[PDB]
Visitor: 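Got a structure for you, questions after.
Proteins come first, then strands; the chains are lettered A, B, ... in the order of their sequence lines, and each starts at number 1. Values reported hereafter were calculated over all heavy atoms of this structure, with side chains retained and with hydrogens, waters and symmetry mates removed.
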Amino acid sequence: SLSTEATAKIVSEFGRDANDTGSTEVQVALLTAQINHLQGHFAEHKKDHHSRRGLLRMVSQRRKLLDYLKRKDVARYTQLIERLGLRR
Amino acid sequence: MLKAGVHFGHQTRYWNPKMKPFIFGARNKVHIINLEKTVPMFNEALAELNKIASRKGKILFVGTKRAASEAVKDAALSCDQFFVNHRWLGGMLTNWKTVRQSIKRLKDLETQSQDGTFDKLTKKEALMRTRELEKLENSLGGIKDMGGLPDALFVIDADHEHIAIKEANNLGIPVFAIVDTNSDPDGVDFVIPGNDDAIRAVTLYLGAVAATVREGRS
Amino acid sequence: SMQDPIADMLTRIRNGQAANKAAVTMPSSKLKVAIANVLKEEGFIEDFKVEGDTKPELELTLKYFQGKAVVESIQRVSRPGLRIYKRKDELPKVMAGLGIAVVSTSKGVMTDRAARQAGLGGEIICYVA
Amino acid sequence: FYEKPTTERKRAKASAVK
RNA sequence: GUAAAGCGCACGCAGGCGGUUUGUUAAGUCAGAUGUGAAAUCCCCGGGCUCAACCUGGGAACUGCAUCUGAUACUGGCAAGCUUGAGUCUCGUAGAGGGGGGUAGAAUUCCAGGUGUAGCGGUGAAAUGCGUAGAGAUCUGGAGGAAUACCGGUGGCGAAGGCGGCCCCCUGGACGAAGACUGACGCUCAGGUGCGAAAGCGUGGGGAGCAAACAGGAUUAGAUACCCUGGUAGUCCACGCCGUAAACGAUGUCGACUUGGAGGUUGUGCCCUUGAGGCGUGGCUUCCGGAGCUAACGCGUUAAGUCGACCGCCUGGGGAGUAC
Ligand SMILES: [Mg+2]
Ligand SMILES: [Mg+2]
Ligand SMILES: [Mg+2]
Ligand SMILES: [Mg+2]
Ligand SMILES: [Mg+2]
Ligand SMILES: [Mg+2]
Ligand SMILES: [Mg+2]
Ligand SMILES: [Mg+2]
Ligand SMILES: [Mg+2]
Ligand SMILES: [Mg+2]
Ligand SMILES: [Mg+2]
Ligand SMILES: [Mg+2]
Ligand SMILES: [Mg+2]
Ligand SMILES: [Mg+2]
Ligand SMILES: [Mg+2]
Ligand SMILES: [Mg+2]
Ligand SMILES: [Mg+2]
Ligand SMILES: [Mg+2]
Ligand SMILES: [Mg+2]
Ligand SMILES: [Mg+2]
Ligand SMILES: [Mg+2]
Ligand SMILES: [Mg+2]
Ligand SMILES: [Mg+2]
Ligand SMILES: [Mg+2]
Ligand SMILES: [Mg+2]
Ligand SMILES: [Mg+2]
Ligand SMILES: [Mg+2]
Ligand SMILES: [Mg+2]
Ligand SMILES: [Mg+2]
Ligand SMILES: [Mg+2]
Ligand SMILES: [Mg+2]
Ligand SMILES: [Mg+2]
Ligand SMILES: [Mg+2]
């Protein structure tokens with residue numbers, strides 16, 4: 001799991017204020033950071049099906065959150081994706 | 001300390017969910033029945049019993065309990081009514097024709113004993129026959145008086161004697177039963193949140209109902 | 001519940017009636033309040049009350065004339081995924097008029113008799129008998 | 001098989017204990 | 001669930017459905033009006049054949065479509081909201097959850113040495129087999145592969161298949177206390193994608209024990225068949241393929257409501273935790289049983305009870321899950 005310091009840094013960098021962990025942008029940032037961290041582990045192992053299932057679950061959650069954010073506000077979504085470099 | 005305020009209660013741990021409002025709660029690890037809210041319904045039952053006795057109904061008593069056998073027999077003899085001191089025979093009400101045949105046979109044997117059985121034919125065989133029939137004579141002490149057809153019942157328990165309640169319900173005979181705190185109150189239409197232990201309490205209850213019925217004829 | 005609050009409240013009423021419960025509680029809503037008012041107006045229930053503002057809760061008091069339940073049957077008619085609409089000239093009749101069918105017309109929620117009298121069709125919420 | 005006897009023994013779990 | 005029928009399991013696109021307030025939009029829906037819906041035929045009230053069939057006048061009907069005018073409770077679209085659904089953050093808890101690398105003890109087999117000497121092994125009884133070039137037994141070293149006794153439990157974890165020595169590294173999920181945050185972001189899913197016991201296949205290793213095939217012994221007039229002695233794949237590893245099970249709880253996933261007892265296993269709050277205890281409050285799980293349900297068996301708050309959303313599947317037995 002992501003370290004406490006990493007989560008705090010992500011919240012500070014993305015949250016609009018303190019204790020803004022529930023914002024969609026913060027959730028997307030945490031999910032993408034975890035996905036990036038786990039990519040190397042999966043490449044190293046490539047046989048952890050159970051962990052791959054958890055990775056797929058978080059990827060699906062991030063996609064759903066991104067779709068909801070795009071529907072609610074185009075500007076926020078288009079800024080978040082370029083900041084995080086998603087949606088190639 | 002009223003009449004119902006003396007007994008402590010029953011139903012230590014296991015309870016019947018049907019009679020939820022009839023229990024005050026759990027006190028000193030043992031549930032207590034709604035003693036305060038017990039006297040009105042009992043009075044109503046007594047009034048109904050008095051109404052039944054207005055026509056001199058054939059209200060029966062069940063004495064299946066050995067400890068309470070004499071406790072209910074005294075009330076039965078005081079009211080000169082029918083009672084069942086021994087085990088309640090299955091089908092007494094539903095199969096009353098068999099009981100009628102049995103009591104008719106008993107009456108015929110009793111009438112003919114003084115003439116034929118004594119010394120007309122034999123004595124040893126007659127003595128053995130009389131010894132065998134003494135238990136039958138003892139059984140059905142009160143129910144053998146008239147043709148039966150009871151209009152009510154006063155069984156002292158429900159779970160133990162559910163057969164009588166079921167028979168009465170099948171025949172549509174109201175039952176003024178003192179349902180136990182862990183019995184099934186569905187069968188009894190006049191459920192009385194009383195107690196089964198504390199022989200003194202049940203003795204007081206039967207004495208009170210006997211007194212009420214005695215003066216119920218006006 | 002998560003997809004049919006009306007069916008959920010109808011089910012709650014049926015279960016409470018079968019369980020011999022004095023009253024039942026559920027989340028409150030405008031349509032639920034209107035249905036409860038219509039049911040009370042016809043005597044199917046004793047009374048209904050709403051408690052709270054942020055998270056309103058609707059409480060309905062069941063009625064028992066005798067040992068048997070007054071609400072013999074209650075069945076949802078129009079449900080999500082299959083909507084039922086009837087014209088004023090073909091409104092449903094429950095138990096040859098002995099029952100009550102809830103109809104939502106342009107004038108609000110009312111019994112089938114009221115809708116027929118007003119000559120307005122609508123959506124058949126449910127049958128109550 | 002070397003596994004069937006184990007299953008047979010485990011079948012007696014409900015004999016008289018529960 | 002057992003009569004035919006729940007995909008082996010999961011993720012998820014299209015699609016179907018979707019918590020609670022308002023605002024107006026009037027698409028669905030509803031009300032009225034108008035135009036049309038050929039005549040004949042069906043139906044109702046009548047008439048003419050002496051009655052009937054048959055013919056015929058007027059209606060009704062043609063359940064439909066289109067346009068206009070209105071109502072808008074409900075559903076839908078648009079704009080704001082709300083926190084109960086669903087999620088994020090903080091602390092802590094148990095776990096054979098998964099991947100990788102180490103290491104430990106017992107045991108089997110083999111190799112070699114010492115002591116020792118005729119049997120050992122096997123069976124219902126035998127024989128094949130091993131042994132004087134010294135077996136088996138006992139001891140003492142070494143090599144190797146495979147699996148983890150006791151704990152161990154109607155115990156625990158995992159979506160399913162499945163997961164048992166100990167330690168380390170990486171990693172997934174679930175649960176509990178108290179808060180803060182986002183504000184419907186949800187449910188289900190045809191196709192699609194992924195996972196998926198054992199056996200099997202391709203390449204290259206490994207091979208102790210087990211063991212299809214096979215060899216021999218015994219039995220029989222001769223066989224086959226169990227039985228015995230051996231024994232090759234296979235079983236193990238790395239990669240790739242196979243995608244099948246009585247893959248079962250013969251019970252699809254999600255949410256709500258509905259009498260109760262007896263446990264097991266993990267949390268957590270309070271009372272002298274004095275402690276094991278009592279009082280409560282959660283998650284998972286086993287058994288009995290009420291209403292209700294069921295053809296009965298039986299299920300029974302973990303429903304096969306009362307409902308709602310969506311998906312899959314079945315409608316005689318054989319042919320046949322076979323042919324093309
Ligand atoms: Mg963890
Ligand atoms: Mg079948
Ligand atoms: Mg299944
Ligand atoms: Mg799914
Ligand atoms: Mg979809
Ligand atoms: Mg929609
Ligand atoms: Mg809605
Ligand atoms: Mg319209
Ligand atoms: Mg119209
Ligand atoms: Mg026409
Ligand atoms: Mg609206
Ligand atoms: Mg593990
Ligand atoms: Mg872990
Ligand atoms: Mg490996
Ligand atoms: Mg060794
Ligand atoms: Mg589990
Ligand atoms: Mg807010
Ligand atoms: Mg599919
Ligand atoms: Mg294999
Ligand atoms: Mg082959
Ligand atoms: Mg191979
Ligand atoms: Mg090979
Ligand atoms: Mg052979
Ligand atoms: Mg063999
Ligand atoms: Mg062998
Ligand atoms: Mg299959
Ligand atoms: Mg299995
Ligand atoms: Mg199946
Ligand atoms: Mg059977
Ligand atoms: Mg059961
Ligand atoms: Mg069934
Ligand atoms: Mg057929
Ligand atoms: Mg085929």
Side-chain angles (χ1 to χ4, degrees), chain A residues 1-2 4 7-8 10-11 15-31 37-38 40-42 44-61 63-69 71-72, chain B residues 13-18 20 26 29 184 186, chain C residues 1-21 24 26-32 34 54-57 74-76 78-90 103-110 115 118-125, chain D residues 2 10 13-14 17-18:
Chain A
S1 198
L2 217 74
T4 310
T7 55
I10 291 280
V11 171
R16 81 202 68 171
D17 71 286
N19 317 332
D20 198 12
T21 65
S23 50
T24 58
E25 298 93 336
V26 162
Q27 293 194 33
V28 167
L30 293 161
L31 290 156
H37 178 77
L38 285 160
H41 144 83
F42 281 114
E44 165 158 18
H45 282 140
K46 272 184 259 61
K47 260 178 126 62
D48 206 346
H49 300 311
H50 288 62
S51 300
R52 189 160 278 98
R53 206 173 110 80
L55 184 79
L56 193 77
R57 192 204 196 188
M58 63 176 78
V59 163
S60 291
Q61 213 201 136
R63 194 259 289 281
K64 288 152 152 182
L65 283 159
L66 281 160
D67 294 0
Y68 164 70
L69 185 64
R71 283 199 284 91
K72 207 82 191 303
Chain B
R13 201 262 291 169
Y14 80 110
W15 78 316
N16 210 282
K18 263 162 193 175
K20 185 178 260 286
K29 103 198 182 204
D184 318 311
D186 61 335
Chain C
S1 184
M2 57 169 286
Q3 287 203 42
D4 198 337
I6 307 309
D8 179 25
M9 63 160 284
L10 291 193
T11 301
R12 289 208 200 195
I13 290 156
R14 199 186 302 100
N15 294 7
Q17 215 91 46
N20 303 319
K21 272 188 134 57
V24 294
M26 60 210 97
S28 179
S29 75
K30 283 208 298 188
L31 186 48
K32 286 209 198 168
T54 58
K55 290 210 287 285
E57 211 80 343
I74 184 147
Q75 179 177 335
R76 194 103 165 80
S78 193
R79 49 178 224 279
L82 185 70
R83 300 283 174 185
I84 300 287
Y85 304 101
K86 303 289 181 208
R87 309 263 289 285
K88 58 139 183 220
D89 53 24
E90 66 189 347
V103 189
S104 185
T105 79
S106 322
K107 294 282 171 237
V109 187
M110 48 172 67
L120 268 152
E123 191 181 299
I124 315 308
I125 305 301
Chain D
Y2 100 84
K10 101 193 172 185
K13 145 201 81 208
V17 77
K18 283 174 70 167

Visitor: Between E/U258 and E/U302, how far apart are the two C1' atoms, rounded to whole Å?
Guide: 15 Å

Visitor: Under 3.5 Å, is there a donor-acceptor pair linking the side chains of A/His37 and A/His41?
Guide: no

Visitor: In whole Å, what separates the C1' atom of E/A233 from that of E/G209?
Guide: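 That atom pair is separated by 16 Å.
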
Visitor: Can you tell me the distance, in whole Å, between the CG atom of C/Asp8 and the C1' atom of E/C257?
Guide: 7 Å

Visitor: Using a 4.0 Å heavy-atom cut-off, does A/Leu55 contact any base of the nucleic acid, only the sugar-phosphate backbone, or nothing at all?
Guide: nothing

Visitor: Listed by chain and number, what are the side-chain hydrogen bond (donor to acceptor under 3.5 Å, both in side chains) partners of A/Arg71, not counting sequence neighbours?
Guide: none

Visitor: Quick one: which protein N/O atoms are closer than 3.5 Å to N/O atoms of nucleotides 27-37 of chain E? Pair and distance per line, please.
Guide:
unit_1 : atom_1 : unit_2   : atom_2 : d
E/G28  : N2     : C/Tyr85  : OH     : 3.3
E/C30  : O3'    : C/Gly121 : N      : 3.4
E/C30  : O2'    : C/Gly121 : N      : 3.2
E/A31  : OP1    : C/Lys88  : N      : 2.9
E/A31  : OP2    : C/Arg87  : NE     : 3.0
E/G32  : OP1    : C/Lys88  : NZ     : 2.7

Visitor: How long is the line joining NZ of A/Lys47 and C1' of E/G100, in whole Å?
Guide: 12 Å

Visitor: Partner lookup for E/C210, please. Criteria are Watson-Crick or G-U wobble with both distances under 3.5 angstrom; report none if nothing qualifies.
Guide: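 Result: E/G234.
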
Visitor: Considering only atom P, compute the distance from E/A73 to E/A26 and round it to an integer number of Å.
Guide: 13 Å

Visitor: For the side chain of C/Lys32 and the backbone of C/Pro27, is there at least one donor-acceptor N/O pair under 3.5 Å apart?
Guide: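 Judged by distance alone, yes, a pair lies under 3.5 Å.
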
Visitor: What contact category does C/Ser78 fall into here, base, sugar-phosphate, or nothing, at under 4.0 angstrom with non-hydrogen atoms?
Guide: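 Nothing, no heavy atom under 4.0 Å.
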
Visitor: Hey, does the side chain of A/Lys64 come within less than 4.0 Å of E/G12's phosphate (OP1/OP2), counting only N and O?
Guide: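 Yes, within the criterion.
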
Visitor: For the P atoms, the ones on E/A106 and on E/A149, what distance do you get once it is rounded to whole angstrom?
Guide: 15 Å

Visitor: Would you indicate what A/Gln61 reaches in the nucleic acid, counting non-hydrogen atoms under 4.0 angstrom: base, sugar-phosphate, or nothing?
Guide: sugar-phosphate

Visitor: Can you figure out which of E/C195, E/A262, E/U88 approaches the side chain of A/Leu30 most closely?
Guide: E/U88

Visitor: Output the rounded distance in Å from NZ (B/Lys18) to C1' (E/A291).
Guide: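 From B/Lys18 NZ to E/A291 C1': 8 Å.
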
Visitor: Which part of the nucleic acid, if any, lies within contact of A/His45, taking any heavy atom under 4.0 Å across all strands shown: a base, the sugar-phosphate backbone alone, or nothing?
Guide: base

Visitor: Is the backbone N or O of A/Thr4 less than 3.5 Å from a side-chain atom of A/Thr7, with the two atoms forming a donor-acceptor pair by type?
Guide: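 Yes; judged by distance alone, with no hydrogens or angles, the pair exists.
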
Visitor: Return the value, rounded to whole Å, for the distance between atom CE of C/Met26 and atom P of E/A256.
Guide: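 Taking atom P of E/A256 as the reference, CE of C/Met26 is at 16 Å.
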
Visitor: Say we look at E/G321 and E/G194: how far apart would their P atoms be, to the nearest angstrom?
Guide: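 About 31 Å, rounded to a whole number of Å.
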
Visitor: Work out how far the P atom of E/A215 is from that of E/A221, and round it to whole angstrom.
Guide: 24 Å

Visitor: Whole angstrom is fine here: how far is it from CG in A/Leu65 over to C1' in E/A184?
Guide: 12 Å

Visitor: Take atom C1' in E/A94 and the same atom in E/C175, then report the distance between them in whole Å.
Guide: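 Roughly 9 Å separates the two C1' atoms.
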
Visitor: Using the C1' atom as the point on both nucleotides, what is the distance between E/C227 and E/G121, in whole Å?
Guide: 16 Å

Visitor: Could you list the protein-to-nucleotides 16-24 of chain E atom pairs, N/O on both sides, closer than 3.5 Å?
Guide:
unit_1 : atom_1 : unit_2  : atom_2 : d
E/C17  : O2'    : C/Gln3  : OE1    : 2.4
E/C17  : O2     : C/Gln3  : OE1    : 3.4
E/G18  : OP1    : C/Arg83 : NH2    : 2.8
E/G18  : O2'    : C/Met2  : O      : 3.2
E/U21  : OP1    : C/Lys30 : N      : 2.8
E/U22  : OP2    : C/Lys30 : NZ     : 3.3

Visitor: Would you mind reading off the distance between A/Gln27 atom CD and E/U88 atom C1', rounded to a whole angstrom?
Guide: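 Value for this atom pair: 4 Å.
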
Visitor: Does E/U69 have a Watson-Crick or wobble partner in any strand here, with both distances under 3.5 angstrom, and which is it?
Guide: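 Partner of E/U69: E/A31.
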
Visitor: State which of E/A10, E/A262, E/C91 makes the closest approach to the side chain of B/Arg13.
Guide: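 Among E/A10, E/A262, E/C91, the one nearest the side chain of B/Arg13 is E/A262.
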
